[PDB]
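Asks: Chains as they are written, first to last, in PDB author numbering: chain Z, 105 to 156; chain U, 1 to 85.
1) Please name the residue in 22(U), 18(U), 3(U) and 43(U) whose C-alpha comes closest to that of residue 58(U).
2) Taking Cβ-Cβ distances below 8 Å as the criterion, which residues of the stretch 126-156 of chain Z are in contact with chain U?
3) Check distances from the C-beta atoms of the stretch 2-15 of chain U to those of chain Z and list, in chain order, the residues that come in under 8 Å.
4) Taking residue 68(U) and residue 55(U) to be in contact with their CB atoms under 8 Å, please state how far apart those CB atoms are, rounded to whole angstroms.
5) Would you call the stretch 31-40 of chain U and the stretch 119-137 of chain Z in contact, with 3 or more CB pairs under 8 Å?
6) Taking only three categories from DSSP, how would you classify residue 56(U)?
7) Give the residues from the stretch 21-41 of chain U that approach chain Z closer than 9 Å (Cβ to any Cβ), ordered along the chain.
8) Between the C-alpha atoms of residue 48(U) and residue 33(U), what's the straight-line distance to the nearest angstrom?
9) Counting contacts by CB-CB distance shorter than 8 Å, is residue 111(Z) in contact with chain U?
10) Pull up the distance between the alpha-carbon of residue 150(Z) and that of residue 156(Z), whole angstroms please.
11) So, is the C-beta of residue 65(U) closer than 8 Å to a C-beta in chain Z?
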């Protein structure tokens, strides 16, 4: 049973840090979508002025 | 909040403190154990030991192992009565 308690950790060290990075850097990539939302909202505002 | 290492905290504590104590007792118990029944030391013979390792040995442990004492004491006591009576 001690071996079994060690059994789960076998194929987990493979990607624990890989997940730590995948869920970190890709989430860090959200500033681009933020700034693009900013420009899209500016486009919506000006386009609405034009539509008015 | 943000990214961390939920799994990598196995550094601060190994899994199973009670299983760790049990396994540590297991390591000392199994390691400090004879390979296969090692260290027997059965035979012995020196005046009385030739009777101890033979007559007090558990190969038989029957009734005659005690009865040898009765036969011998009877041999002694018959001569005791002969010298006494």
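Backbone N, C-alpha and C define an ideal beta-carbon position, used for all residues, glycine too.
Replies: Put simply:
1) 43(U)
2) 127, 128 and 131
3) 2, 3, 4, 5, 7, 8, 10 and 15
4) 6 Å
5) no
6) coil
7) 22, 23 and 26
8) 32 Å
9) no
10) 10 Å
11) no
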